[PDB]
Amino acid sequence: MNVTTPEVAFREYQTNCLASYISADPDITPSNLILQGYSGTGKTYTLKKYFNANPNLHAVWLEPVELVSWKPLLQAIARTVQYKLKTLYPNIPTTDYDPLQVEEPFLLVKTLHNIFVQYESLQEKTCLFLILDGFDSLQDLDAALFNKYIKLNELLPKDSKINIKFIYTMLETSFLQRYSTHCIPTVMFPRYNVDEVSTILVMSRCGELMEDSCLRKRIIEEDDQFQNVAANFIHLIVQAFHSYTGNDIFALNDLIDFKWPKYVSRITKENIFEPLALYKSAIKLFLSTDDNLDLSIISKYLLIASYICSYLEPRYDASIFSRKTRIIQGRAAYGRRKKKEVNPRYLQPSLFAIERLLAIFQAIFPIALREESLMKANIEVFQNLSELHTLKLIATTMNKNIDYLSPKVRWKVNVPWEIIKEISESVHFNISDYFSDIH
Amino acid sequence: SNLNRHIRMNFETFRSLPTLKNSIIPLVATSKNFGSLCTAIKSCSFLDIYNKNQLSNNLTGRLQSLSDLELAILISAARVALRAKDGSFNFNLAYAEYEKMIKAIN
Amino acid sequence: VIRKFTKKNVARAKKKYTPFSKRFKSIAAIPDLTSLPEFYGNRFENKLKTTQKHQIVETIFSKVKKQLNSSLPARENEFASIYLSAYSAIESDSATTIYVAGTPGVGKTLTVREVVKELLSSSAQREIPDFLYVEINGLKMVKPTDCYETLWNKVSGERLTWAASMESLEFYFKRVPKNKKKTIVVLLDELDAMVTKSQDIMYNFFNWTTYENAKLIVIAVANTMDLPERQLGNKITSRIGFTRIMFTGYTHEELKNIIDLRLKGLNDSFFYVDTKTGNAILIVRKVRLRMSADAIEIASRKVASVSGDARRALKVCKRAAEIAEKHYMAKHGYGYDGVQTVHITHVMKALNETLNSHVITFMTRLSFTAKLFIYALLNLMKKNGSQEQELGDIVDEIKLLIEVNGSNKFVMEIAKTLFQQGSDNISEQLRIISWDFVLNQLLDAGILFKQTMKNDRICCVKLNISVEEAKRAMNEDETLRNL
DNA sequence: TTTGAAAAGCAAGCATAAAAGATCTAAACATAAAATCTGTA
Ligand SMILES: Nc1ncnc2c1ncn2[C@@H]1O[C@H](COP(=O)(O)OP(=O)(O)OP(=O)(O)O)[C@@H](O)[C@H]1O
Ligand SMILES: Nc1ncnc2c1ncn2[C@@H]1O[C@H](COP(=O)(O)OP(=O)(O)OP(=O)(O)O)[C@@H](O)[C@H]1O
Ligand SMILES: [Mg+2]
Ligand SMILES: [Mg+2]
């Protein structure tokens with residue numbers, strides 16, 4: 001094995017494994033190789049480092065997440081293999097094949113056979129590394145797809161000068177553990193710890209931070225010192241938000257990008273050599289994450305009534321809403337005896353009928369011989385209810401081909417408690433008084 | 001010897017020669033000279049490093065990568081699921097259990 | 001133009017669309033189709049030929065194995081019935097359906113082909129008029145409508161698509177007069193394979209036999225006698241008819257006669273065997289070949305008990321000859337380039353490997369982890385009797401069996417391997433080492449069934465094999481039966 | 001001011017309706033090579 005092992009920080013074992021498995025000689029190279037790790041574990045980075053440190057190796061890079069389905073992946077394999085072989089050996093006359101003729105895995109076998117037989121004039125046998133970076137990120141994935149790819153090498157010719165070698169990257173452990181009896185060589189990429197995450201963030205971000213335009217305009221408005229400023233900012237970001245992000249390089253990069261100009265704007269002539277004074281000058285940046293971005297009155301009260309109908313049992317409604325004077329002798333409801341133990345708004349909503357929702361809407365809506373001050377259910381109320389179903393603030397048991405007029409169809413609220421809380425605060429309705437006495 | 005110990009362990013767990021070959025190949029390939037190869041085959045310490053790496057992304061190894069807040073949310077969800085009859089839970093119940101543990105600790 | 005998708009591998013045959021009813025202006029315009037150079041049958045073989053550079057050593061058992069290959073002593077009444085019906089319907093120029101059913105290998109296709117051969121010999125003697133024989137096998141068709149493409153191509157020589165072929169055959173059988181026609185005998189083999197949902201093909205083929213001008217003999221070979229009652233309608237069952245011919249599986253005496261007829265000239269005969277190579281010549285040593293009548297009798301009785309299938313009896317005899325020839329070639333070291341007997345021991349060994357089960361001896365040769373999995377699964381079936389066990393319960397019960405028999409010598413040596421792979425730098429694991437490997441291995445073996453679930457704990461697992469043979473394989477192990 | 005008692009509420013049990021979705025098929029939408037019609041030269 002004659003190959004270069006690049007120095008990749010905190011991935012020395014993985015780089016030594018890549019040097020063990022990936023070589024230009026097809027006899028001592030596995031037909032399939034798996035890199036497995038979760039998001040941001042530096043799989044793509046160290047494969048890039050290995051192939052740039054060994055430019056004599058011939059690698060083809062594919063992204064299955066851009067191809068979604070199996071047939072575009074087969075067509076992409078044929079197209080990129082043929083284009084790479086065209087630019088690798090320009091002095092070899094080749095018959096071009098259309099990648100859109102590949103519609104089956106067998107058609108891919110036939111097309112690769114036809115592409116590879118016009119290169120037998122080459123002297124040495126040669127690996128062509130086809131890298132499927134993100135195989136399990138394919139959107140139409142099923143369990144039978146990977147078996148075709150790992151048995152694909154047995155159908156290609158054995159004495160060919162060009163020998164395809166598959167390198168896959170996988171995200172999830174369970175998908176990989178589906179195929180464990182195939183005994184494919186695997187290199188695992190465990191998640192970084194917080195010190196490795198901080199070192200990677202410093203060595204990847206301090207150069208871009210210390211030649212940022214905001215810092216360079218701030219120092220003329222008010223190199224190693226700027227490096228220490230950016231590194232101290234990165235360490236403060238890590239210690240403030242490592243519990244929030246976990247060991248996530250991307251999320252911490254986004255937080256650094258959001259909070260760096262607001263940190264730079266608080267830098268004065270007194271703050272540069274005093275990191276503590278600069279930290280108390282910008283304390284509000286390190287206390288909250290800050291990663292975030294007109295309904296009608298009838299629609300608001302219908303949403304409030306639907307939330308009540310979803311999260312209150314209908315046997316007790318007469319013990320809350322009934323207020324009329326009884327000409328006829330009649331006993332109102334006694335009310336609920338025992339409180340609930342679990343807050344019912346933590347659970348999924350219950351389903352109700354239309355007339356119950358209209359009853360509670362009439363009971364909670366704001367207001368003599370010929371007045372009848374209660375609002376009856378006219379067409380504007382039903383139009384607002386239909387729009388509320390259109391926006392999915394309310395929902396039904398059926399999602400497609402809905403019989404709105406069916407008595408079998410029942411309705412539920414589809415908003416969380418914070419949304420109905422802000423809505424009730426917009427119309428000064430005390431919705432929290434309706435749930436205070438029940439648990 | 002260490003080689004016979006690793007072969008015995010494979011015999012009682014995997015009983016697969018390709019599984020053993022996949023570990024032996026980077027033991028040979030990462031050796032830089034003949035003395036390093038003889039030391040590597042006498043000690044078989046690279047087989048232990050390989051075995052540790054093959055288990056690094058499982059449920060045990062993924063747990064040790066979690067932050068303290070992630071571990072707290074996972075513990076709260078687990079005890080809510082253990083208290084449930086069907087083992088089901090959501091974000092609200094797990095958050096309620098989490099704030100009960102934070103005020104009980106504080 | 002910009003397409004929404006492409007069909008770049010379309011392979012379309014050169015088949016015309018116009019049916020036979022528009023081939024001439026009138027019915028009277030139709031010529032005599034027998035005096036037409038394309039009707040009624042009026043290149044790849046050499047590509048599988050090469051030159052032989054050696055001399056194949058045929059040993060003394062090679063002629064026995066060659067004569068025992070599949071390439072009419074027990075079918076007289078079936079032959080006579082089929083031949084009499086076909087002879088009567090051909091010589092009087094009528095159309096009929098003959099129905100034949102039976103289990104595999106009972107001589108259905110062979111008897112029908114012999115009947116057709118004898119009818120062709122009788123038509124070559126000018127005792128019955130000429131006819132065209134067509135063989136349509138429903139399992140050799142890609143599409144079921146291709147039989148329409150086949151039969152019409154055998155009749156006219158044209159190549160049409162299937163619907164035009166069906167209209168052409170309908171017009172031919174119904175309207176073309178008998179003086180311009182030839183009789184057609186059609187063998188519809190594997191008749192169940194041409195059964196479709198709409199059953200139009202079955203109706204058309206059996207309804208053309210009811211036409212007065214058809215001159216069509218349809219011999220339908222089936223697998224069950226109750227195929228029209230189970231799968232077909234009343235209309236097709238009425239057209240097939242009440243008379244149906246059953247091909248019973250062979251008794252052991254007829255299998256004995258079949259095997260003796262394949263070995264009439266070889267058995268109890270002498271060969272000149274060359275001891276330098278092994279090549280034997282049928283009439284240097286003079287060696288008599290013998291196969292036992294007791295061996296043939298016990299193989300025939302076994303086969304007649306199972307199926308009465310002549311393919312199985314010939315294959316059992318050929319396997320016994322192969323076993324004896326392998327032992328003979330091993331003991332003499334001959335290669336491929338005074339009495340040789342194939343005995344009842346070879347016949348019993350041929351009969352035993354088809355009746356031996358590898359499932360128990362597969363399970364007894366697994367690793368300790370797979371056997372521990374199966375043992376814990378059987379323990380959970382004993383505990384609750386559900387017959388489907390969640391995988392998390394299997395994990396917990398494996399852990400329980402490890403921590404309960406902890407003072408056992410083998411278990412206290414296995415625990416570090418199972419949970420840390422013999423390494424101090426490896427944390428204690430929630431699954432045992434090779435848990436996924438033995439789970440997937442038992443799934444690929446077909447020992448296990450696993451539901452399609454994404455939560456690994458509540459996913460259920462079921463035995464696909466019988467429980468008592470799993471228990472026998474578990475009690476075969478030394479460690480598991482002691483704890 | 002009491003009474004008490006009939007209405008209201010709780011709760012275990014169990015048959016049953018219904019939600020969710022696995023599996024599948026019809027129909028609209030779409031492409032295409034060979035054959036066949038069609039208006040001229
Ligand atoms: N060892 C490292 N040294 C330096 N920088 C690193 C290292 N590992 C990761 N990084 C940085 O983190 C970035 C994210 O890593 P990378 O894209 O390789 O992750 P991944 O595991 O392939 O992710 P995904 O599955 O989301 O594609 C890299 O582009 C690089 O800037
Ligand atoms: N009476 C017989 N005499 C000699 N050989 C026979 C006889 N019957 C069957 N065989 C042998 O067995 C073979 C199987 O017979 P055949 O093809 O007719 O079976 P079948 O009933 O059509 O079965 P399947 O339903 O499987 O097609 C024959 O080709 C021949 O070698
Ligand atoms: Mg990546
Ligand atoms: Mg047959």
Side-chain angles (χ1 to χ4, degrees), chain A residues 69 71-72 75 98 100-104 107 140-144 310 312-322 326 328-342 344 347-354 356 389 392 394-404 406-414 437-439, chain B residues 85-86 88 90, chain C residues 1-24 143 145-146 148-149 152-153 156-168 196-198 449-455 458-460:
Chain A
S69 298
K71 183 145 108 71
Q75 296 168 354
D98 187 24
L100 280 159
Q101 297 237 39
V102 180
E103 299 168 15
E104 304 310 325
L107 289 170
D140 297 313
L141 192 61
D142 60 85
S310 276
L312 284 185
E313 321 75 286
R315 50 201 326 101
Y316 308 120
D317 290 1
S319 68
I320 290 104
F321 303 109
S322 160
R326 308 197 159 234
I328 288 103
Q329 278 168 14
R331 184 182 295 276
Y334 289 169
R336 71 201 334 261
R337 284 217 218 111
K338 292 178 180 178
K339 267 180 290 181
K340 296 184 182 297
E341 299 196 7
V342 162
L347 309 181
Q348 257 173 273
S350 65
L351 293 148
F352 50 84
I354 295 283
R356 199 206 153 181
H389 182 279
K392 323 183 244 143
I394 61 170
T396 44
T397 56
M398 173 94 277
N399 301 310
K400 292 177 179 177
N401 191 256
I402 306 185
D403 187 357
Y404 270 153
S406 167
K408 301 276 109 173
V409 167
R410 279 177 299 149
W411 299 62
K412 54 182 168 158
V413 80
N414 207 34
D437 303 335
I438 73 165
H439 64 93
Chain B
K85 290 182 177 180
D86 59 337
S88 211
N90 49 39
Chain C
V1 86
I2 299 304
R3 281 75 145 297
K4 299 176 190 197
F5 63 99
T6 49
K7 297 161 96 174
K8 296 204 156 279
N9 306 283
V10 176
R12 193 177 176 91
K14 253 60 189 213
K15 295 170 174 173
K16 303 321 184 261
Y17 310 150
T18 308
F20 191 68
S21 65
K22 309 165 173 353
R23 201 76 73 265
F24 314 105
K143 288 126 73 73
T145 56
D146 284 337
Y148 287 141
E149 295 185 356
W152 180 243
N153 183 241
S156 75
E158 307 165 8
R159 291 185 74 221
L160 307 186
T161 55
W162 75 262
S165 279
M166 184 203 36
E167 293 177 350
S168 301
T196 73
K197 293 300 297 312
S198 45
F449 274 171
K450 180 190 187 285
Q451 76 169 123
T452 313
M453 216 58 198
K454 95 170 299 202
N455 187 264
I458 62 67
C459 199
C460 260

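For the numbers below, each heavy atom of this structure counts, side chains included, while hydrogens, waters and symmetry mates do not. All chains are named by letter (A, B, ...) in the order of the sequence lines, taking the proteins before the strands, and each is independently numbered beginning at 1.
Not a single side-chain hydrogen bond (donor to acceptor under 3.5 Å, both in side chains) links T161(C) to another residue, sequence neighbours left out. Every side chain to side chain contact (heavy atoms under 4.5 Å, CB included) that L347(A) has, sequence neighbours left out, goes to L93(B). Not a single ring pair (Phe, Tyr, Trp, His ring centres under 6.0 Å) links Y17(C) to another residue, sequence neighbours left out. Take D146(C) and apply the salt bridge (charged side-chain N to carboxylate O under 4.0 Å, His left out) test, not counting sequence neighbours, and it matches no residue. With sequence neighbours excluded, the residues satisfying salt bridge (charged side-chain N to carboxylate O under 4.0 Å, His left out) with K340(A) are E313(A). Not counting sequence neighbours, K450(C) has no partner by the salt bridge (charged side-chain N to carboxylate O under 4.0 Å, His left out) test. Under the rule for a side-chain hydrogen bond (donor to acceptor under 3.5 Å, both in side chains), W411(A) has no partner lying at least two apart in sequence or in another chain. Among residues two or more places apart in sequence or in another chain, the salt bridge (charged side-chain N to carboxylate O under 4.0 Å, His left out) test is passed with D140(A) by none. Contacts of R3(C) classified as side-chain hydrogen bond (donor to acceptor under 3.5 Å, both in side chains), with partners at least two apart in sequence or in another chain: none.
Formation of a donor-acceptor pair under 3.5 Å by the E158(C) side chain with backbone atoms of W152(C) is not found in this model.
Annotation: proximity of residues 330-340 of chain A to DNA chain D (heavy atom, distance under 4.0 Å) is found for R331(A), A332(A), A333(A), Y334(A), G335(A), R336(A), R337(A), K338(A), numbered in ascending order.
No engagement by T161(C) is indicated, since no non-hydrogen atom pair under 4.0 Å with the nucleic acid exists. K14(C) comes within contact range of the sugar-phosphate backbone alone, with a heavy-atom separation under 4.0 Å but no base atom that close.
One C1' atom belongs to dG4(D), the other to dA8(D), and the distance between them is 16 Å to the nearest Å.
In summary, contact between chain C and DNA chain D, defined as any nucleotide atom under 4.0 Å from a heavy atom of the protein, begins and ends at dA30(D) to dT36(D) in the 5' to 3' direction.
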Legend entry - Intra- and interstrand pairs of DNA chain D - dot-bracket, Watson-Crick/G-U under 3.5 Å, | marks other strand: .........................................
